[PDB]
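Asks: Mind looking over this structure? Questions follow.
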Amino acid sequence: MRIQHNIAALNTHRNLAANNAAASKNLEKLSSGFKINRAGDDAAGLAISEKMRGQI
Amino acid sequence: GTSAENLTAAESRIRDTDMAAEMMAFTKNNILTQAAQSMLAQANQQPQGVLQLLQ
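Below you can see the structure in the form of structure tokens.
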């Protein structure tokens with residue numbers, strides 16, 4: 001309730017970690033120049049890109 | 222003479238390069254290099270949490 005646990009700081013830490021992760025993802029997308037670097041980014045579209053690259 | 226000209230054309234098309242396409246690719250790669258440079262300059266500044274500790 002008072003000392004042993006400070007829940008506001010925990011919530012703030014969570015949100016801070018999430019924001020840092022999102023900024024890191026954006027940095028990856030900007031440095032790479034591609035919007036899809038992993039399949040977790042977009043599954044339907046990775047396959048399409050690979051087939052289109054083969055066709056090109 | 223005819224055969225030499227034809228084979229010269231063939232060899233040119235095989236081995237020689239088109240200046241315009243390589244110019245395009247080189248400009249593209251330079252722009253990407255600059256973008257990555259700026260991104261790295263930002264990423265190096267991103268981890269600054271010294272204000273947690275001191276005040």
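So the sequence lines, in the order shown, correspond to chains O and J. Under PDB author numbering, think of the first position of the first sequence as 1, with each following residue one higher. Under PDB author numbering, think of the first position of the second sequence as 222, with each following residue one higher. Even for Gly, the Cβ is constructed at its ideal location relative to N, Cα and C.
1) What residues from the stretch 240-274 of chain J come within 8 Å of chain O, judged by C-beta to C-beta, listed N to C?
2) Taking the C-alpha atoms as reference points, what is the distance between residue 256/J and residue 32/O?
3) Could you tell me how far apart the beta carbons of residue 28/O and residue 37/O are, in whole angstroms, since I believe they sit closer than 8 Å?
4) Within a Cβ cutoff of 8 Å, which residues of the same chain sit near residue 46/O, ignoring the five residues on either side of it in sequence?
5) Counting only beta-carbon atoms, is residue 23/O nearer than 8 Å to chain B?
6) State the start and end residues of the unbroken alpha helix (DSSP H) segment that holds residue 15/O.
7) With a threshold of 8 Å between beta carbons, is residue 54/O in contact with chain J?
8) Can you tell which of 16/O, 3/O, 4/O and 11/O has its C-alpha closest to the C-alpha of residue 269/J?
9) Can you tell me the Cβ-Cβ gap for residue 267/J and residue 23/O, rounded? I've got them flagged as a contact below 8 Å.
Replies: The short version:
1) 253, 256, 257, 260, 261, 263, 264 and 267
2) 9 Å
3) 6 Å
4) 36 and 39
5) Note that chain B does not occur in the displayed structure, where the protein chains are O and J.
6) 7-32
7) no
8) 16/O
9) 7 Å
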